[PDB]
Structure formats: structure tokens, C-alpha cells
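Colleague: Structure below; questions to follow.
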Amino acid sequence: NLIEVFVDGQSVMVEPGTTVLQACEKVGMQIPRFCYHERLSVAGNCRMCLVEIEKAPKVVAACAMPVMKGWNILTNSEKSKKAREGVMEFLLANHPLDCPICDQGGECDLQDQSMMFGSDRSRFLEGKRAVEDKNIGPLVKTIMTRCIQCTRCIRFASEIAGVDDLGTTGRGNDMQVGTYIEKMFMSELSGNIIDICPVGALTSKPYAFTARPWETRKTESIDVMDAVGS
Amino acid sequence: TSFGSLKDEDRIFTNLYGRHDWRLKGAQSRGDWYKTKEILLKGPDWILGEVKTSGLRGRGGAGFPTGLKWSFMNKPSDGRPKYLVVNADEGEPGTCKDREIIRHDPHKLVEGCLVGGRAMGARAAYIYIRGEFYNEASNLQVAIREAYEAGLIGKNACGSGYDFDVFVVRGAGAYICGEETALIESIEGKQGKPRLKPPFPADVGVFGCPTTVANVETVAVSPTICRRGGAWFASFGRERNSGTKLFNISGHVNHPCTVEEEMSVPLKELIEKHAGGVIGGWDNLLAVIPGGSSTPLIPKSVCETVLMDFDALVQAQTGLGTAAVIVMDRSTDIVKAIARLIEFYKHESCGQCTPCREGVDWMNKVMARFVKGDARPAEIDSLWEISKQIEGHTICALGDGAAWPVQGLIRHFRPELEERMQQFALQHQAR
Amino acid sequence: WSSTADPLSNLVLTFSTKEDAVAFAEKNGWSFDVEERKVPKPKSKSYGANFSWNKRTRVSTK
Amino acid sequence: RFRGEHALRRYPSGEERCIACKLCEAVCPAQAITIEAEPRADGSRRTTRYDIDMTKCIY
Amino acid sequence: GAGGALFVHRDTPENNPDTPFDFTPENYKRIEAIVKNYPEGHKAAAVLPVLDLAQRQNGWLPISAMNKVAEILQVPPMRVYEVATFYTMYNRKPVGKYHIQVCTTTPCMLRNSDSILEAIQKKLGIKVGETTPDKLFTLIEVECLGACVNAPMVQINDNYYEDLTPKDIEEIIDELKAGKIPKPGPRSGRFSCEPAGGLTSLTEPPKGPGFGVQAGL
Amino acid sequence: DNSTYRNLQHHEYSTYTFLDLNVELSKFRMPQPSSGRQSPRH
Ligand SMILES: Cc1cc2nc3c(=O)[nH]c(=O)nc-3n(C[C@H](O)[C@H](O)[C@H](O)COP(=O)(O)O)c2cc1C
Ligand code: SF4
Ligand code: SF4
Ligand code: SF4
Ligand code: SF4
Ligand code: FES
Ligand code: FES
Ligand SMILES: [Mg+2]
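Protein chains in written order, with the authors' numbering: chain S1, 30 to 259; chain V1, 30 to 460; chain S4, 114 to 175; chain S8, 96 to 154; chain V2, 33 to 249; chain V3, 382 to 423.
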């Protein structure tokens, strides 16, 4: 049967094996996340989803930790806020200043989560990291200095598209996401990496520089290019 | 009561220093491979009880009850293989005990693997040895071949009806692959980035099977504990810290070495007895790192009266770690030494998760500026806060181990940092 | 520039409930098409499925 | 600090400073700025249309 | 500091997928022995040993060798590239005949490891990441090698030379370039990790079998 | 007599010593467990 957990003291009935992030979503709280995608596997590396359990001295990765009976999840606690601020601080410390020239622009998860969960000032007094851009076809434009090594594109590529030509090379702060060779990521499902990349590292090349998200009007229609009716 | 003065009749790791034969005949000249069949017939529950009574704690860093861990592994079979994984990726900066155990007591290591596998119900034992230890791995393979020929391992091991295999896996250079979950990942032919708990290795380990990771010294002292009692092993040591331990004394010392002593020998006595003391005398001591790079440093004041023990060093805002005693005398640059340690951590970071990755690179840069004073006094507390953000927010314990030396340096030698910054400010002002 | 002649081109209204929106549209006399809210189905996520002993869910990279 | 007639500046090299980021268009209270951009022949992020209506601008 | 080696591959005449490479039949037998050390359905676990064997055979790891290993193990070439780039013991670029690796961590830095490095640099006339013009020696800095009590030390082709002094390391380099093979181990008179002053432990003969065995067994 | 270093057999090993030792004790092994499939990709 369902077990009883608590989110900020509010009782929730969840199935065994449900994660902390899913319990908070069920109660109505969307925990900030970068590497977590519901359609993909659980990676738990960006560490942005760390939350505090009421009696646990250590924060837990909400996207990977299954809930136990009688767990009180403190979503808006001081420890959770400090953890989110620290993770955002590291991300933006190594992130480059490209927002005006970056197509992700006003629809960026890094920007929005920085404005909602991170600090507003920088303590980084050193130089930043620069990463050589790759070329993976005429559809996806890669500016890899903006990558946050969230491994969404790798996981999507392998699991969904059945193509394992993406991965991380090297280790440490020098880890780079790409192909390691001049190979184009050509597949019939290669725009979804543009969609799911939380930052502007992977962007649409035909759409490059043309518009900004706040200007666009969204019309909900269907697809006719095939018989799927997407 | 007093601790130390361990007797050669009670030292578990005989043949240390390689002064006796390391082959099967040499090991059998000592107590090795004695009544192993009787122990296996005693079975898993008896071995686990003996280990619990002995109270052996984890010898490869974080000291956990090995009896409790193996009891965790002692769940009933559910249609999957069972593995004991012996960690020999001795990448900790200061440790040579595992190398000595492998190179000089390979049959002790193999018998310990067999006993642990019998206690865990394990079909196989993968000894993951670091790739730099090529000669040690070859000696281990020679000993394994001798054991197989003698029938001590293989089907019907030691004539007990229990089938057990021992394999040796040579890793590449990765201090992160030293870690248990990263080691499991490296065995499976992946990059070697640590997993997230849960699932715990006792539930999902290498190949997805129940596998338990144990240190070389832990598995090597297991069969001696089984052959002997464990009341004796508990007698050697304090109440909650029992047994003998291998200490690697190195650095600014007269006679750097690796020795075996009681688990609560005072640090000053150990340095003055088994290593010839500090080079300029004990009055010339500056700092000591008692458990490898991960553990923080303690100054001479703490080292004067402290016991080389888990709880004793925890009460000293430090840890026992892997019992690697690095001694730094008064004529050294402590800031530069800690900067070199942080650079090591930056080089050895697997880079999977953001806090350790970015923060360790950031702290490397900050310390590189600190060692020349090219900073401001307001940045010391900023560095402390960065270390606190790194610590506890990472997948594996390398993030915590990369911030503890920084915290120790800030805690015990802040005046030195401020003095160096003031010196740099004065020098820049003059020009 | 992009000219227009439709006064209600930029007119978007917010309603808390489908019933409220339908009532407003009916009382104002416009025709209306109602589309039901699409909520994602609950999904079972497990970190340990990435290391399955005998299932295809095992991942080849991290 | 006087606000008068508008102008588009350049770097000393002669290259245009504007990068088609549309921040001015977004923040313009009177919606007096219209911007359309595309990749240039050398791949730069440069505008093709940058119109300001001085009868609509509030300066 | 920066490693100085890139983690992307650009095709060159000396390093391209068309570079001829294959295992010798003895190495194929070794691969067959290695592969069945892992459970059925987990052939991917042999990537590291097979790559190490390929590097031992060829002297370094070209992209052709990586692709051949991927074909042999039926694993993705990108996964093979991930492993090869992650692990630092794999030579993705040609190196000299003798790969001197000076350990420069704090336990070795406390002793004059800088003296060892300077002596090696002046003996060969190369920098800390270069190769001698005759393709004989390559010199690099490495992290802890597990011989801290025997600091300072270097590793030259899976052999440890410990307790080094500038004269000792210069003699080792001269002996290597002459053609002989020096004996690995401490050069200061010690045989192993024992204290130089003398054996402070294990000075009495070891006890025989069943010295303090329990009454139960 | 504990004055002679008896761990001198390791000044003979060659490039393929470890792998040859692994080959030699291949016959001493036992049948490996099977996951039921050729590869996780199958
Ligand atoms: C040789 C060796 C190296 C280790 N390296 C690391 C490391 O880099 N990071 C880490 O968090 N733990 C490291 N550990 C500790 C492991 O996480 C784990 O505690 C150990 O392998 C098994 O614990 P035990 O002492 O109970 O046997 C290491 C352990 C050993 C034996
Ligand atoms: S990815 Fe986001 S934070 Fe980075 S430059 Fe683009 S808009 Fe700015
Ligand atoms: S390129 Fe984008 S999707 Fe891929 S790891 Fe980097 S941030 Fe994530
Ligand atoms: S803490 Fe560092 S070494 Fe450990 S998983 Fe995270 S990135 Fe890797
Ligand atoms: S779009 Fe506007 S705000 Fe942005 S660079 Fe051009 S003139 Fe400046
Ligand atoms: S969302 Fe959980 S660690 Fe990334
Ligand atoms: S620090 Fe050099 S061998 Fe360990
Ligand atoms: Mg994107």
C-alpha cells in the first residue's frame, strides 16, 4: 500500500520507491533541477535539487533519494536555500557572460533558477574556463563554453535515440561533452537535445539570432509532416 | 592504561619489510593457511560473530564496523552472484600499507579474501589493484596461482566443499577510482564516477549483484582474527577502537617507514620510537597530517598529547583516516604544502558533480594566490565558506576530503596567511 | 512594420477554472472551444535501475 | 547626462556595437523600437532592421 | 595547473582511423583469457584490461587502436574514448622509450623531489613535459605513486626507483640510455619500507602454525 | 636469518608477465554466471 510522507508538515500518500522530488511535486512544489528529466534516467550530478529532511543532518538529492515512511521534507529550509545558493554560485562562477549574445536568452533555466534560488552577487575573483566548440551537424550549434556538464544530451542520445556517439571526455574541471572526433550527431530525433539542454550550449542553428522568447506568440497546432500527428 | 609497545609475537603482519619468503611455503611457515577448512566449516555466522567480537573497523579511511557491513552482506541469496571486492587503489597521498601487504603477504591477502567470501556467501572476490603497482600485482598473481595449485582456492576450497574464485583487476591511475562505488564503476569498464547511495553496494554492487567493498588491510587481518580469537584483538586497543594498525610515517622525519603498532599509540611516542623523531628534534615540529591528505592537519600543540586513534583524532578536529602520518617540521611552507594537496585533489577529481568540480578548481586557484600572498584578508573567510559549500553537497567523499585540509590550514595557520598577504601588500607598495 | 485590423488580437484573459472561463465566454456571447488540461502521468523513477544485473535499463555511461 | 537624438555607436575598429539582444526593445516603455536580426555573412549576431519611431519615443 | 593535452581528436597522418593496428595472436589469446574473467553478458567490463594490453603492444593508443578495441568488445567507440580520456595511464600520444614519472605530491615534496626533477631536466636537457630529441626519454610529473615512505621516487615503465638523490637518478638515466636495466627499489641502502636506522620491529623469528589458535577450532 | 631481502623475484617481470599469469590460471577458474543475454544492448 501507499506510505505516508510529509512535505513541510503536510501529509502526502505516496507509493514506495517514490523520490523526494516526486513527493514534493505531488504536494505541489517543483524542486529546482538541472540534470533531472522525467523522461530520462536519474543522474543526480548537478546537485541543485538538494533538500533537507527534518532530522537528517545531511541534505539528500531529491531527484534520486526514495522516500521513507515518516519523512518530513523541508523544501524551503535554511539548509536547502544555502545548498541551492552554493550550487548556483559554482555554476555561474564557471559560466561565461554570454546572455545578450545567447539564443537561450530569456528562456534559460540557469537564468531563471539563478533569479529564483541563487544569490545576486559574485565572489569569483579568478579567470573563467573556455572550452573549444564542437561541430555535430547543420542542425545543432554548439557553444560548449556554456555547458554545465548536466549530461542530459548524452542520456537522451543513448536511451531515446539509440545512438551512443555522445559522452564526456577527460575528468575534473576539464571534462568536456562531445564526440571526441569530428562526427556529426545526425538522427531523426536530434532537436530534442536542443530542447532539453538547460543552457545555451546546444541551440537551434536555423533559429539562431532571429528572435527572443518574449516576442514569440505561441499557437498550439499539430504536425502534418508524417502520420503520427505530433 | 597505556597503549603501544606491540610485541612481535602479536603483530599480525609478519614478513613485513620483505625479510622472509613471501611464497606459499613461507606463508605456511607462519600461521597462514592453518585450519582454513575448519573455519569455513564453522561457516558464515561464526565468522561474522568473531569479526563483531573483534570489533574491527574500516582500515581504508572511514572506519565502519566490518562485522556490521558483512552482516549487511549476509542476506539470503535471490538468484544473483555474490562478490567481495578488495580495494587496493592506494591513491591516498601518504599510504603504503596496502602496497606492503600485497607485496609481502599476498597469501595472507588471499586467505582473507577466501574467509571474507565465505562469511559473505560470495562466489567471487575481485581484488582491484592500482595500475602503478605492477610488480605487486604480479606477485599477487603468483600467490594466487600457488593457492590454486595447492587447492586452497577454487572448487572445493581447502577441502570444504565451498567454491570460491579470486580475480585480480588492474585499474589505471585514478585516485577517484580508489573510492568504493567508483571502483565498482571502473570494474564494469566505465569511466569510474561514484554512484549514489541508495542503492547501497550490499544491495546493488558490481554487475548489479550483491558486492561488498573491503580494504586490503581489513581482509588481510580477517583470517588471523578467525584463526585466533577476537577477544585478543579487542584487547589490543581502546574500548571502541580495537586491534593493531599499520602506520606510514613519512615527511620531515629521520627514518620514514611503515610499521605496525597498537590502535591507540600516542603520536609523539610513535614518531620518537619507530621513525627516529623529527629531523630537527621534537621542538622543531610544525604540523602533522595523521590520516593522509583527506584528514586535516594538527599543530605541535595537539600532537604533543594525542593518541593515534579514530575517536581520539576525531576529538582533535581531525580523523584517523588511513593512518598516514605526514610530518612537517618548522622549516617548511605549510601553505604551499596544503596548496599542493588541493592541486592534487583538483587533478584527481572525477568531475561528475558540480560542487566538488567547480569548487575544488576554485579553491586550487585561491590557494595558488594565497601561497604568494596575492590576496586580501577578507578572502580567508570566503575560502572557508566555499569549502563548507563543497563539503556535504557532493556525491562522494572526495569533495569532503578536498575541503578538510583547507579548513585545517585556515583554522590553525590563519596568522601565517595574513602575514604573507601583508608582506605581499608591502612589496607591491614599494614598487 | 506588421499592421493589423483585429482589436482582440492581443486580448488574453486568465481564469482559475474551466467552468469560470466557460461561463464568461457564454455570457459575453463569443463562440468557444474548450481543451482539457493535460497533466503528466506519474512515472516510476529508480536510480538503481541504471545498474540492473539482467535488464536493458543498465546505462553504458554516467 | 542630457537625452537628445538617438544614435548607434561603433567600436574603435569600426564594427557595430549592437549584438541584437533586444534588451532595449524589451525595456522600451513606448514600444518605439523594432529589431530584426539574422546571422551575418561572417556569423556575427547583427541586426538587419533597427527602427526607432521618434514620434512614439518618450526620450 | 593545466595538463597541456587536449581531450579532442583531430585527424593527422600519423593518427587516423586508417592507421594499421591489430593484436598479435598471443595478445588475442590474452584477450580471450581476460574476457572470461567476467560474467556472461558483461563483456564491457574488459575495456580497461584490453586497452592496457593494446597500449603495451603498440607503445601508445591511437584512435585506430581504440576503434579496434571497441570492435573486439562490441562496445561503443565513444565509451572506449571516454575510458581512454578519463584514465591518465593511457598514452593517447606517442611517448619516449622510457617514461619517467616524477611524483610531486606533498609527502614527496617535503623531501627534495624538486632536486630530483631538476637533476632529470638538466641530465636530459628537456622540460617537464617534453621528449628527448632522440625519442629515448619522456619526463612528466605525477601524483602520489604509493611509495611515500620511500620519497623521493620516480616510475620508469612500471618500475619504482625510490629514495633517490640527484646522483642516483642521473646514474639510473645513464644506465637506461646505455642499454642496461637498473634494479628497481631504494637506492639509499634500504631494501624496503623498513626504517633506515634499523629494524625497530619484527626482529625475532616468526611463530609457527597455530601459535595462538582459538580453542574452538 | 632475516637480513636478506627475499622479494627479489620481481626484478625479472616483463611487459606481458601479468597477462601471462592471468592466462596460466585460466584453467583453474570456474564457469561464470550468465545474465541471460549476450549484452545489455541485446
Ligand atoms: C586504497 C583505498 C583508496 C580509497 N580512496 C578513496 C577515495 O579516493 N575517496 C573516498 O571517498 N574513499 C576512498 N576510500 C574509502 C572507500 O570509500 C571505502 O571506505 C573503502 O574502500 C572500504 O572501506 P573499509 O575501510 O571498511 O574496507 C578508499 C579506500 C581504500 C582502501
Ligand atoms: S545559457 Fe543562460 S546563463 Fe548562459 S549565457 Fe545563455 S542565457 Fe546566459
Ligand atoms: S550540452 Fe547541454 S544537455 Fe549536454 S551536458 Fe551540457 S548543459 Fe547538459
Ligand atoms: S565529489 Fe568530485 S570526485 Fe566525487 S563524484 Fe563529485 S565530481 Fe566526482
Ligand atoms: S539590441 Fe538594443 S540593448 Fe541589445 S545590444 Fe542592440 S542596441 Fe543594445
Ligand atoms: S536535479 Fe538532482 S542532482 Fe540534479
Ligand atoms: S606522495 Fe609520492 S609516492 Fe605518495
Ligand atoms: Mg537549449
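Note that the Cβ used here is the ideal one computed from N, Cα and C, for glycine as well.
Please return the same chain residues whose Cβ sits closer than 8 Å to the Cβ of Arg440 (chain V1), not counting the five positions on each side in sequence.
Modeller: Within the second sequence, residue 440 (chain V1) is the residue found at index 411, counting from 1. Excluding sequence neighbours, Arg440 (chain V1) sits near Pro325 and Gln346.
Colleague: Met145 (chain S1) lies in the alpha helix (DSSP H); which residues open and close that run?
Modeller: Indexing the first sequence from 1 puts residue 145 (chain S1) at position 116. That run of the alpha helix (DSSP H) goes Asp138 to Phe146.
Colleague: Do the CB positions of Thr174 (chain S1) and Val96 (chain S1) come within less than 7 Å of each other?
Modeller: Within the first sequence, numbered from 1, the residue matching residue 174 (chain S1) stands at position 145. Within the first sequence, numbered from 1, the residue matching residue 96 (chain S1) stands at position 67. Cβ atoms of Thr174 (chain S1) and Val96 (chain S1): not closer than 7 Å.
Colleague: Give the DSSP-derived three-state secondary structure of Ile128 (chain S8) in the structure shown.
Modeller: The residue labelled residue 128 (chain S8) in the question sits at position 33 within the fourth sequence. Of the three classes helix, strand and coil, the one that applies to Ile128 (chain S8) here is strand, per DSSP.
Colleague: Indicate, with yes or no, if ligand 4 has a heavy atom lying under 6 Å from the CB of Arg405 (chain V1).
Modeller: As a working mapping, residue 405 (chain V1) is identified with position 376 in the second sequence. Not under cutoff, so the answer is no.
Colleague: Measuring only from the beta carbon, is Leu231 (chain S1) closer than 6 Å to any heavy atom that is part of ligand 8?
Modeller: The sequence position of residue 231 (chain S1) within the first sequence is 202, counting from 1. It does: the Cβ of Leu231 (chain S1) is within 6 Å (strictly closer) of some heavy atom of ligand 8.
Colleague: Using three-state DSSP, classify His66 (chain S1) as helix, strand or coil.
Modeller: Start at 1 with the first residue of the first sequence, and residue 66 (chain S1) comes out as number 37. Of the three classes helix, strand and coil, the one that applies to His66 (chain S1) here is coil, per DSSP.
Colleague: Run through chain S8 and tell me which residues come within less than 7 Å of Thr239 (chain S1), C-beta to C-beta.
Modeller: Taking the first sequence and counting its residues from 1, one reaches residue 239 (chain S1) at position 210. Residues of chain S8 passing the Cβ test: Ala132 and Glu133.
Colleague: Is the Cβ of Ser165 (chain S4) closer than 7 Å to any Cβ of chain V2?
Modeller: Translated into the one-based positions of the third sequence, residue 165 (chain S4) becomes position 52. Not one chain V2 Cβ lies under 7 Å of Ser165 (chain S4).
Colleague: Applying the 10 Å Cβ sphere with the 16-neighbour rule, what's the burial state of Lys159 (chain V2)?
Modeller: Your numbering for residue 159 (chain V2) matches position 127 in the fifth sequence. So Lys159 (chain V2) counts as exposed.
Colleague: Would you list, in chain order, the members of the segment 74-86 of chain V2 that have their beta-carbon closer than 7 Å to a beta-carbon of chain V3?
Modeller: Under the 7 Å Cβ criterion, the segment 74-86 of chain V2 contributes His74, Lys75 and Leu85.
Colleague: Would you identify the three-state DSSP class for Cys135 (chain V2), choosing helix, strand or coil?
Modeller: To locate residue 135 (chain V2), count along the fifth sequence from 1; it is residue 103. Correct three-state label for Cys135 (chain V2): strand.
Colleague: Using only alpha-carbon positions, find the residue among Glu120 (chain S8), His101 (chain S8) and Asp137 (chain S8) that is nearest to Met149 (chain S8).
Modeller: Position 54 of the fourth sequence, counting from 1, holds the residue named residue 149 (chain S8). The shortest Cα separation from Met149 (chain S8) among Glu120 (chain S8), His101 (chain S8) and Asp137 (chain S8) belongs to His101 (chain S8).
Colleague: Relative to the C-alpha of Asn59 (chain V2), which candidate in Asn403 (chain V3), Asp382 (chain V3) and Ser384 (chain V3) has its C-alpha closest?
Modeller: Within the fifth sequence, the letter at position 27 stands for residue 59 (chain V2). Of the candidates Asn403 (chain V3), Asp382 (chain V3) and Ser384 (chain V3), the one whose C-alpha sits nearest the C-alpha of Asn59 (chain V2) is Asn403 (chain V3).
Colleague: Within the present structure, is the beta-carbon of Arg440 (chain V1) separated from the nearest heavy atom of ligand 1 by less than 6 Å?
Modeller: Start at 1 with the first residue of the second sequence, and residue 440 (chain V1) comes out as number 411. For ligand 1, not one heavy atom lies less than 6 Å from the Cβ of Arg440 (chain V1).
Colleague: How should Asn48 (chain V2) be labelled, buried or exposed, when 16 other C-beta atoms within 10 angstroms of its C-beta is the threshold for buried?
Modeller: Here residue 48 (chain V2) refers to the residue found at position 16 of the fifth sequence. Per the 10 Å Cβ criterion, exposed.
Colleague: Any idea which residues DSSP pairs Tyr145 (chain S8) with across the strands?
Modeller: As a first step, residue 145 (chain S8) is located in the fourth sequence; it is residue number 50 there, counting from the start. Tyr145 (chain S8) pairs with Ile130 (chain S8).
Colleague: What residue range does the alpha helix (DSSP H) around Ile104 (chain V2) cover?
Modeller: Start at 1 with the first residue of the fifth sequence, and residue 104 (chain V2) comes out as number 72. It spans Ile95 to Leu105 - the alpha helix (DSSP H) in which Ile104 (chain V2) sits, taken as one unbroken run.
Colleague: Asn168 (chain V1): buried (16+ other C-beta within 10 angstroms of its C-beta) or exposed?
Modeller: Taking the first residue of the second sequence as position 1, residue 168 (chain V1) is located at position 139. Looking at its Cβ environment, which holds 16 or more other Cβ atoms inside 10 Å, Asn168 (chain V1) is buried.
Colleague: Less than 7 Å between the C-beta atoms of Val88 (chain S1) and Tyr160 (chain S4), yes or no?
Modeller: As a position in the first sequence, residue 88 (chain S1) is number 59, starting the count at 1. As a position in the third sequence, residue 160 (chain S4) is number 47, starting the count at 1. Contact: no.
Colleague: Under the three-state reduction of DSSP, which class applies to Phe196 (chain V1): helix, strand or coil?
Modeller: Taking the first residue of the second sequence as position 1, residue 196 (chain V1) is located at position 167. Note: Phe196 (chain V1) maps to strand in three-state DSSP.
Colleague: Run the proximity test for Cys142 (chain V1): is its beta-carbon closer than 6 Å to any non-hydrogen atom belonging to ligand 8?
Modeller: As a position in the second sequence, residue 142 (chain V1) is number 113, starting the count at 1. False, no ligand heavy atom lies under 6 Å from that Cβ.
Colleague: Is there contact here, the segment 119-128 of chain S4 with the segment 131-142 of chain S8, by at least three beta-carbon pairs under 8 Å?
Modeller: Output reads no: the segment 131-142 of chain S8 does not touch the segment 119-128 of chain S4.
Colleague: Any C-beta of chain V2 sitting closer than 7 Å to the C-beta of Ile177 (chain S1)?
Modeller: Here residue 177 (chain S1) corresponds to residue number 148 of the first sequence, with the count starting at 1. By this cut-off, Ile177 (chain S1) is not an interface position.
Colleague: Bridge partners for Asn47 (chain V2) per DSSP, in chain order?
Modeller: The residue you call residue 47 (chain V2) lines up with position 15 of the fifth sequence. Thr44 (chain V2).
Colleague: Report the neighbours of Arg111 (chain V2) on chain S4: residues whose CB is nearer than 8 Å to its CB, in chain order.
Modeller: To locate residue 111 (chain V2), count along the fifth sequence from 1; it is residue 79. Chain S4 residues near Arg111 (chain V2): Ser173 and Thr174.
Colleague: Taking the Cβ atom as the reference point for each residue, do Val248 (chain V1) and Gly145 (chain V1) lie within a distance shorter than 7 Å?
Modeller: On the second sequence, position 219 is the one that residue 248 (chain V1) refers to. On the second sequence, position 116 is the one that residue 145 (chain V1) refers to. Yes, Cβ-Cβ distance for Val248 (chain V1) and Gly145 (chain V1) is below 7 Å.
Colleague: Leaving out five residues before and five after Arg359 (chain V1) in sequence, what residues of the same chain have Cβ atoms less than 6 Å from its Cβ?
Modeller: Indexing the second sequence from 1 puts residue 359 (chain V1) at position 330. Within the same chain, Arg359 (chain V1) has close Cβ partners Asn313 and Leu315.
Colleague: For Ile183 (chain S1) versus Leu195 (chain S1), is the C-beta distance shorter than 7 Å?
Modeller: Start at 1 with the first residue of the first sequence, and residue 183 (chain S1) comes out as number 154. Start at 1 with the first residue of the first sequence, and residue 195 (chain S1) comes out as number 166. Yes, Cβ-Cβ distance for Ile183 (chain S1) and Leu195 (chain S1) is below 7 Å.
Colleague: Taking Cβ positions only, does residue 337 (chain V3) come closer than 7 Å to chain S4?
Modeller: Any question about residue 337 (chain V3) goes unanswered here, given that chain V3 covers just 382 to 423.
Colleague: Going along the chain, which unbroken runs of the alpha helix (DSSP H) with 4 or more residues stay wholly within the segment 335-395 of chain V1?
Modeller: Counting whole runs of 4 or more residues, the segment 335-395 of chain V1 contains the alpha helix (DSSP H) stretches 339-343 and 363-377.
Colleague: Answer yes if the segment 79-93 of chain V2 comes into contact with the segment 223-234 of chain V1, meaning at least three C-beta pairs across the two stretches below 8 Å, and no otherwise.
Modeller: With the cut-off at 8 Å, the segment 223-234 of chain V1 and the segment 79-93 of chain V2 do not touch.
Colleague: Answer yes or no: the CB of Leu139 (chain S1) versus the heavy atoms of ligand 2, is any distance below 6 Å?
Modeller: Taking the first residue of the first sequence as 1, we reach residue 139 (chain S1) at position 110. Because some heavy atom of ligand 2 lies under 6 Å away, the Cβ of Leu139 (chain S1) counts as near it: yes.
Colleague: I want to check one thing, is the minimum distance from the CB of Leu126 (chain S1) to the heavy atoms of ligand 5 below 6 Å?
Modeller: For the purposes of this step, residue 126 (chain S1) is taken as residue 97 along the first sequence, with counting starting at 1. Because no heavy atom of ligand 5 lies under 6 Å away, the Cβ of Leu126 (chain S1) does not count as near it: no.
Colleague: I'd like the ranges of any beta strand (DSSP E) spanning at least 3 consecutive residues and lying wholly in the segment 90-148 of chain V1.
Modeller: Qualifying beta strand (DSSP E) stretches, in chain order: 112-117.
Colleague: Would a C-beta distance cut-off of 7 Å place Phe119 (chain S1) and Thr423 (chain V1) closer than the cut-off?
Modeller: Mapped onto the first sequence, residue 119 (chain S1) falls at position 90. Mapped onto the second sequence, residue 423 (chain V1) falls at position 394. Their beta carbons are not under 7 Å apart, which means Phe119 (chain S1) does not touch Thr423 (chain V1) by this criterion.
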